[PDB]
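A quick note on method: Cβ atoms are made from the backbone with ideal geometry, for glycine too, and the neighbour counts reach across all protein chains shown. Read-outs throughout are calculated quantities, based only on the coordinates presented, and are distinct from any laboratory measurement.
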Amino acid sequence: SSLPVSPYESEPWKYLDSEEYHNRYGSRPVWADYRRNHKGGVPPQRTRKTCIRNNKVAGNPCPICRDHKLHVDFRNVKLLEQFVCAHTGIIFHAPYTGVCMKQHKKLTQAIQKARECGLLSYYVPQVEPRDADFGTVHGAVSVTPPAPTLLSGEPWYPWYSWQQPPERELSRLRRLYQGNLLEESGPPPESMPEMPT
Amino acid sequence: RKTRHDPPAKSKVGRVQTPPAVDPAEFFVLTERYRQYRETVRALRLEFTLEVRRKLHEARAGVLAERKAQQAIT
Amino acid sequence: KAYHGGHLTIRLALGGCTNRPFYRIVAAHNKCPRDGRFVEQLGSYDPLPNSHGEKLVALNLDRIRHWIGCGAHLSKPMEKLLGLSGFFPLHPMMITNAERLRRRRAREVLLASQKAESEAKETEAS
Amino acid sequence: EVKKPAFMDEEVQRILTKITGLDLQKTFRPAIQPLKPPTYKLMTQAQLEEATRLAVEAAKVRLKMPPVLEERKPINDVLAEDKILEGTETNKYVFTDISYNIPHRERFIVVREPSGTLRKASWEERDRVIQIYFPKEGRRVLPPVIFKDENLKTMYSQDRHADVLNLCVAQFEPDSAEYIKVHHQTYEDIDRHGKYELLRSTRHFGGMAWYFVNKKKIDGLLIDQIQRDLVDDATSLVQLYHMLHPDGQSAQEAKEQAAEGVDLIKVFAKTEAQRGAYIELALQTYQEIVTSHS
Amino acid sequence: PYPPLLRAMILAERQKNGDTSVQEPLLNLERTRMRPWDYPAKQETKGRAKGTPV
Amino acid sequence: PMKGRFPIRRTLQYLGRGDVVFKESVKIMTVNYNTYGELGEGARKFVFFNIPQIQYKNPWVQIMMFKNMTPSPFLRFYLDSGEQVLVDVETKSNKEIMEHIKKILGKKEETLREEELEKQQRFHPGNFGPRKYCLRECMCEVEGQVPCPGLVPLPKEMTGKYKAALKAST
Amino acid sequence: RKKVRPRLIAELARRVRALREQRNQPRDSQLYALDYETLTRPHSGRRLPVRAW
Amino acid sequence: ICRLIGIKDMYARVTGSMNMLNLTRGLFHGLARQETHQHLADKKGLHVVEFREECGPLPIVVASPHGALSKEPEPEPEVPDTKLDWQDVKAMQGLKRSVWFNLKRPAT
RNA sequence: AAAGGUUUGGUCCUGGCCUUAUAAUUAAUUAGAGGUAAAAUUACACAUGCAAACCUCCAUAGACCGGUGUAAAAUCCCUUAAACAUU
Ligand code: FES
Ligand SMILES: [K+]
Ligand SMILES: [Mg+2]
Ligand SMILES: [Mg+2]
Ligand SMILES: [Mg+2]
Ligand SMILES: [Mg+2]
Ligand SMILES: [Zn+2]
C-alpha cells in the first residue's frame, strides 16, 4: 500500500532533462521498447483499463505506469509530444503506444489543455471572415424608432391592462352562473408585489 | 387509449360533470382578451396567407420567369 | 401510418434525456406521434438555462410564416413562445396568469405583515 | 475635404501588397495535417513555369488581407417594455431568427428579460448564438482561453504571432473589441522585439504596417526593412505615411524638395521620425555597403 | 399595431429597400372580424347521431 | 487485374467525368456507327469511351445503338416536342463529337449549379436530429448548454427524484 | 403480383351494412327522447351536462 | 526486412502462397529493380515535379535531367490503358472492407 | 486481413478446416454505490384493476396515441388523375 514517491511531482518537466531519463530512454520515446502480451496475432482493440489498482501494479505495466517519475501533466510538453504524431498532429490511439485506457484518457486531456494554453503547438487553418459584408446599418443591429405606446408608457395593446368590466356585465354573469360563483376580483396590483422574505 | 368498442369502466359510472366556478370580474376580462387576441392573430394569419400567394405567383409568372422561358426557346 | 383527417400543426416535440428536456419546434400533421413523423423542423427550444443564464429559443420565422399562411394551427405552448419573442401578441392566459400571481403575492405580503404585527403584539407582551 | 485613405483603397492595397512580399516557400509551407501520398507529373520547362505561375496566383488569394474595421458600437435598443410579465419568469429568453437566407448582421436576435423588457441582443449575444445555429469551422461558442494575456505571452515567446492572428480571425469578428485588442497586442509585441519578419509573406503584414502608420511608429519597420536590403519597400512605407498624414511636416517637406526614392526616407528621419538618428545610420550603412561592394 | 418584433422587421425592411418613412405599420381588422361564439351555426352541414342503441 | 480492355472505364470517377448533361427536351439518342472503316474511327471511340459517361449523367435518356446499317456514322436526338436533331460525326474525333453535342443540346454550367443549390434548400445546420440528416442530435452537445445526464450527472436539485422527496417533505 | 385475390365477402358486407342503415334510420322522436327524472337519453344513455338541467 | 533496410512507411499485401523464401526473394527482387526519380528524369529528359496536398499547388522539383532538358511534352492520353487491380479499385467503388482491415495495432 | 496453425520421410503447389478481432442473447462462477440508455421466449390461454371523453341538450372525439410482426416477394423510386371522413 506504499507506492513510490516521485521527487519531480512539483516540476514534472525536470525529469525529462535529468541524466536518469537519458540513460533509461536516450532519445527514443518512452514507449519504444514496450511490448504487449496477448493471445493471437491480432491484438485486442482496447488496451487494459488500468495498470494500477489500489497501489498494486499489473504484470506488464504500460510505458507511463511502469515509470512512476513520468507524470502526465499539461505543463510537461516534452512528454506529451511523444504521444502526438509530428507529421499529422494526431494523438495516437492507445493500442499504438500500449498505454492503458486510464492514462490514455489522461494523456488526451493534458495534450488538449496544453494546446489551449499555447504551450503545445498545433496547426491553425486559415479561414475567411464569417460575413461577406460588414455593414451595421440594418435595423436588426441598429435603433428602431420607438413605438408610440412605448414613448407614452402605455401597454402595447390596450387589453394587456386590466379594464374594469361594466357593472351591468358583471350582473349578467352572476345570473348565468348563479349558484357556482367566486368572490369578485378587483384590479390587480399595479406592479409585482416584492416577494416576502 | 381505449377504442369505441371497449367497455366503460365500472369505477366511473357515477361520474357527473362538476363545472368550474366562475369569477365574474376575471371571466369577463378574460373573455374580451380572447376575442381581441384572436382578432389580431387572424389579421396576421391573413397577411401571412397573402405573402405565400404573392411569392408563389412571382415564381410561377413573374418577370424573370417569362424571360428565361423565351430565352431558352430562342 | 395512413392518416385520414387532421390538420397541420406547429408544436414542440420533446427530446433529450431524463431530467434534461429539449424541444424541437416542428410542423407536423396533428395525428402523428409527438416525436414521430413531421413535415418540417421550424426551430428548437432549450428550456434549461445555459452558462449565461439564458433559455435559448430558435425560430425559423421565414418558414413559420409560410406554414401559418397555409393553415397550420399552433399549440398553446408555441403561442406562448411566439408571444414572448414579440412575433405574436402576448397570449390572454399569459396576462391572466401574471395577474393571478400578482394577487397571490399581495396576499402573502399582507399575511406576512399581519404576522409581523402579531409578532409585534408578542413583543409588546414581552 | 480630401478623403482619408482606406485600408481597401486600390492604392493602399498596392503598397501594402508590395511591402508584404511573396515567398512561395513560406506561403505554402507544409501543414501539419493528415497526409496523403504525393503525386508526380513530368513537365517541361514551359509547363513548370506555368505551374509556378498558378502557384503565384493561388499565393495571392492565400495572402488576401483580413478586414481592418472600426470597433462596433454597442447595441442598446428596447423594442418593448411589457411590464405585465414582470416577475413571471426567472431566466432571460434569447430568440434567434434562423431563416437561412439572411446575412448574419441582418438577423433579428431579441431578448425577453425577466423584467418584461424586449430588447435587441448585444454583440456578445449575437456572435454566441450565431455560432450555435450557424457553426463556422474554427470558431467556438465560448471565447477560447488562449487569448488571455498570460497565454498570449506564451505564444509570443514561441514566435507564433501568425497563429495568434489566424486564431483571432477564426474566433472573433473583425470589428469586435476582442479582435482589435488581440491584433493590437500582437503588433505591439512585434514592434518592441523587432520581429517584423515573422509576418512577411503572410496576410497579416498589411494590418501590422497599417497600424504602425496610423499610430505614427513606422520607425522600427523602416530600420528593419533597410537592414534587410528591402529599401524599395521602405520607400513605399514612407509614401503610405505621407498619404495618410498629408498635413504632416514630413509630407510637406517632401513636396517642397520633390523627394523620391531614398530621399523620401531621409526626409522622414529629419522631420517626423521618432528615432531619426538610427534611420539615417542604417540607411547610410546600407548605402556604404552597396557602394563599396558594388 | 403590429406585434413588437413583427413591427421592427417591417420597418427594417423599409430602410433596406430604400423606402424612407415614419408611418407606423398597422394591421387591418375589418377583413377578419369574428362572429360571437353563440352565433347560430349551419345545421345543414351538422352531423346526426347513429341508430345503434347503447 | 480488372478484366476487359481499359478497365478504368468501370470506375465511378471515370463515369463522373462526363460533362454532357442533356436538356430536359432530349429523350432518345440513337447511335449509328460502323465497326469497320477509316472515317468512323472517332465514332467507334465515342461508343467505347463516351456513351458510358453520357448515360451515367442522363439515366432517363434512352441510348440505343445500331451497327453497320448505313454507310456513314451519325447521331440522331429525339426531343419531347417531336423535333429530331441529326448530327453527322464522320471524320470527327470522339472528343469533337462530345463537344458538339454539349453545345447544341447540353445544359449550361449556370443552370446545373442553380439546381444543385435548390436541392439542399431544406437542410439547415441549426436543425437537430439523427446523424443521417443533421449535425447534432441534441442541444446537450452544444458548448455552454447543460450536458447530457448520461455523460455528466445533473445537479440533485434539477432531478425529479429529489424534487418529489421535497414535495412529500413539505 | 397477381396473387392479391378478390374479397367478395368484404364487398358484400359493406353494401349489406349500408343498406340496413338506410332502412332502419331512427327518427327525431327516438334520438332526442328524454327521461326527465334522470335527464338521460334512452337511445344512447347519455346524461345531459349539469349546466343544462 | 523493411526495418533492416530502413524503410519506415509503406503498405504491402501478400497473396497466393506464403512461402517465406519466395516472399523474401520476391521482395528483394522488386525493391532492387525500382526506379528513382532521377533515373526517370534522365530516361525521359523531363523535370519530375511533386504535388503535395498539404503544400497546395506549390510545384516541388524532385529531379531534373542531368543532360539536356527536352521541349516535347510527355503525351497525356485522354483515357489511360493502365491495368488496374480490382482490390485497390474496389475501395473507391464504395464496397465494404473486411472487419480485419485497418484494425488498431501497435506501432511498427 | 499485415495474417497465423494444420496434409508429407521431406520439399513445392493446390485446397478445406480452424485460430487471432467485433457485437448480441443465454448459462456457470462472482459483484458495492451512483447517473444514463434499453428491457425482448411464445399471433399460446388469460383471473382482477385501469387505458376516452368532453360539454347548456345538438354535435365533435373514442378512425388518433399505444401494441404486435399476422399475412405477403410481398417493395423502392417515379408519373398521372381525382377527390379528402380535413385545415
Ligand atoms: S442526448 Fe442530449 S440530453 Fe441526453
Ligand atoms: K492454409
Ligand atoms: Mg356549442
Ligand atoms: Mg441471465
Ligand atoms: Mg404508433
Ligand atoms: Mg410470418
Ligand atoms: Zn498503465
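Overview of results
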read-out	value
With at most 14 other Cβ atoms within 10 Å, longest stretch of chain H clear of loop chymotrypsin sites (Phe, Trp or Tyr not before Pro) (DSSP)	H:12-99
Förster radius 56 Å - calculated FRET efficiency between H:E76 and D:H193 (Cβ-Cβ, nearest 0.05)	0.65
Whole-angstrom Cα spans of chain D along principal axes, big to small	85, 58, 38
Helix-only CD estimate at 222 nm, as mean residue ellipticity for the protein assembly as shown, using -39500 (n - 2.57) per DSSP H run (n ≥ 4)	-12000 deg cm²/dmol
Peptide-level mean, for D:196-208, of C-beta atoms on other protein chains within 10 Å	0
Neighbourhood charge, 13 Å Cβ-Cβ cut-off, centred on H:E35 and excluding it, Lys, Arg +1 and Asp, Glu -1	+2
Residue-span extension gain [F:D19 to F:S93] - 0.36 nm each, minus C-alpha spacing	25.0 nm
Ordering of G:25-38, A:142-155 by burial proxy (mean other Cβ atoms within 10 Å per residue, highest first)	A:142-155, G:25-38
Gaussian network model of chain F, springs between alpha carbon atoms under 10 Å - residue of F:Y56, F:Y33, F:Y133 with greatest fluctuation	F:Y133
Point-to-point label distance, C:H7-E:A41, nm (Cα→Cβ direction, 7 Å offset)	1.3
Gaussian network model of chain D, Cα within-10 Å springs - most flexible of D:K18, D:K60, D:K148	D:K148
Förster radius 45 Å - calculated FRET efficiency between E:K50 and C:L14 (Cβ-Cβ, nearest 0.05)	0.75
Gaussian network model of chain F, Cα within-10 Å springs - most flexible of F:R44, F:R113, F:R122	F:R122
Proxy reagent accessibility, fewest Cβ within 10 Å first, across D:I109, H:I1	H:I1, D:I109
Low-density loop positions, GluC sites (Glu not before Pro), the stretch H:22-108 - DSSP coil, at most 15 other Cβ in 10 Å	H:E35, H:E53, H:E78
Among E:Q43, E:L26, E:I10 - extreme Cα towards positive end, dipole of the stretch E:1-43, charges at beta-carbon	E:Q43
Qualifying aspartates and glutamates (Cα of each under 12 Å from Cα of D:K4; at least 8 residues distant if same chain)	D:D247
Around E:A49: net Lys/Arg minus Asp/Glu count, Cβ-Cβ under 10 Å	+4
Distance (nanometres) between label positions extended 7 Å along Cα→Cβ at E:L29 and D:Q287	8.6
Cα-Cα separations in the protein assembly as shown greater than 48 Å, expressed as whole percent	55
Above-threshold pairs, the threshold being 29 Å between Cα atoms, out of A:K49/F:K161; F:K132/H:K104; C:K121/F:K167; A:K39/A:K69; D:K3/D:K216	A:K49/F:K161; C:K121/F:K167; A:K39/A:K69
Average beta carbon contacts from partner chains per residue of H:41-51, 10 Å cutoff	4
Under 21 Å, Cα to Cα: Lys pairs in the stretch D:27-155, sequence gap 8 or more or different chains	5
Full-stretch length increase - H:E50, H:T108 - with 0.36 nm per residue and alpha-carbon distance subtracted	18.2 nm
Percent of beta bridges antiparallel (DSSP, the protein assembly as shown, rounded to nearest 5)	75
Interchain or long-range residues, amide H under 5 Å from F:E137's placed H	F:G129
Unit charges on C-beta of K, R, D, E only; dipole of the stretch H:15-76, Debye	340
Percent of beta bridges antiparallel (DSSP, chain F, rounded to nearest 5)	65
Modelled FRET efficiency - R0 51 Å, A:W13 with D:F7, Cβ distances, 0.05 increments	0.70
Stretchable slack from H:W100 to H:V14, in nm (0.36 nm times residue separation minus alpha-carbon distance)	29.5 nm
Rounded if a/c under 1.5, otherwise prolate or oblate - chain B, Cα gyration tensor axes	oblate
B:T3 versus B:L50: modelled label distance in nm, points set 7 Å from Cα along the beta carbon direction	4.9
DSSP-assigned coil residues among GluC sites (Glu not before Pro) in the stretch D:239-280, each with at most 15 further Cβ atoms within 10 Å	D:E260
Two-decimal Rg to Rh for the stretch H:17-108 - Kirkwood Rh, Cα set	1.06
Average partner coverage of C:76-88, which counts Cβ from other chains inside 10 Å	6
Global size of the stretch A:59-179 as Cα Rg and Dmax, reported in angstrom	33.9, 93
If the convex hull is drawn through the Cα atoms of the stretch D:56-108, its volume per residue in Å³	163
